[PDB]
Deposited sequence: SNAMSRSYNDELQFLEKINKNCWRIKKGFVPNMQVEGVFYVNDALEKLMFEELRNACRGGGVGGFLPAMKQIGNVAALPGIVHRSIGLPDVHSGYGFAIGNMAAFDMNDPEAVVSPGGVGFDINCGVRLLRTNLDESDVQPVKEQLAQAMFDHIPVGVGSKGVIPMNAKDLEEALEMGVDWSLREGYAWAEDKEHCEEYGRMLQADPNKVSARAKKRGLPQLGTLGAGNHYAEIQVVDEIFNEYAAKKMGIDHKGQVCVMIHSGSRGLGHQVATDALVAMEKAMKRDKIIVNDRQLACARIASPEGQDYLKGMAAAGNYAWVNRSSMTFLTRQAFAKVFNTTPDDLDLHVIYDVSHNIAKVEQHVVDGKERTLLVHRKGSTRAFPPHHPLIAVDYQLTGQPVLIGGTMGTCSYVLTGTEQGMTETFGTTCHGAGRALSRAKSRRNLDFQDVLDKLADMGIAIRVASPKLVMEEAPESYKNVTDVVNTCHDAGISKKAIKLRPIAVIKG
């Protein structure tokens, strides 16, 4: 009953709620959901609607999905739902879960990465104002659609070979920079310099490689798009100056894309191997969708090796899409891409697992943070982040849809201590981008630095 489920749920603070242990049959640690007054009403309605449904099959309510992740072996900190939390296979979308790599009973969940791997966004600054582009916006749009392949069944213009694909899967952005499709400044302003050192191309399945060879350099269907935008507002002028947004109406472009086919095949290959291992190593899980393997077990190592490869492939795809975007601007505004100042503000991923150093229970541990729908947001003085943002804080790029304005944020110390530096990715395809970002700022897990409005969308 709805009033029975309610007993497990209480309010921690004005913008966060708790899921007490026992909400699901086993729970290692409590759950938490981060909400504004508005997006909270929707998060509770999902649970109540599921309760009225007798014996409801599939599409379980997001709050129950947070709890089933809290049942997993090795969860070290609160299973936390970011504002974009919504129904997702296995782990709820927006969920961070962290597991200690030194604990012997641990878990890697494919649903805690996603079916894609390394879906992300790469914003690029440009010296042109909205008045330079507005009279030619249709020419620039056609030049972009001509230069950038889009949609299902599409094939990339950039030549791709099996050897070069294996190199890109093992080598990430370094491969694109070496080829000539990226610049040394692109390597700097990129999450982990766009590199996964644990990637093994020999782990990726042959079917995943077959899907990868032709799809490289293509956006695809779904929420993968490239969009041209203009700066609306500057909430942190120092951050804007640091990233090269000097004034409102400056042009920028967002490239949202990830692993195309290779990721889905790698993820689905993992779920099949995990079903065998869950019976073998007695990993007991509250939902069949939540596949799980011990990190020590070959299945956990294999998916983590595969995830890193698909991340390197996805980063190469983003760099290729960037290369094509620069060429389209260069033709339309009739000059060299560098003279138009097409440098990159940042590149960041919303569907990856990573090993990170966090101090938990007063003692630092190496944890695997599973985040899907969640973007990294490391604190203002974190040693790993770009030198330019080593003072302001790692940029978080938050992507809209349907002409809703996008936002660029930065990472905070409170967000590091509470969420392990985890923030929203974007609005559900009724919880607006604006609501979601205002909560992440109001809860002190992000600091809005820029706002941006789309003018041209290069979807499929």
Notebook entry, point to check: Numbering the deposited sequence from 1, which residue ranges have no coordinates here?
Noted result: 1 to 6, 436 to 477
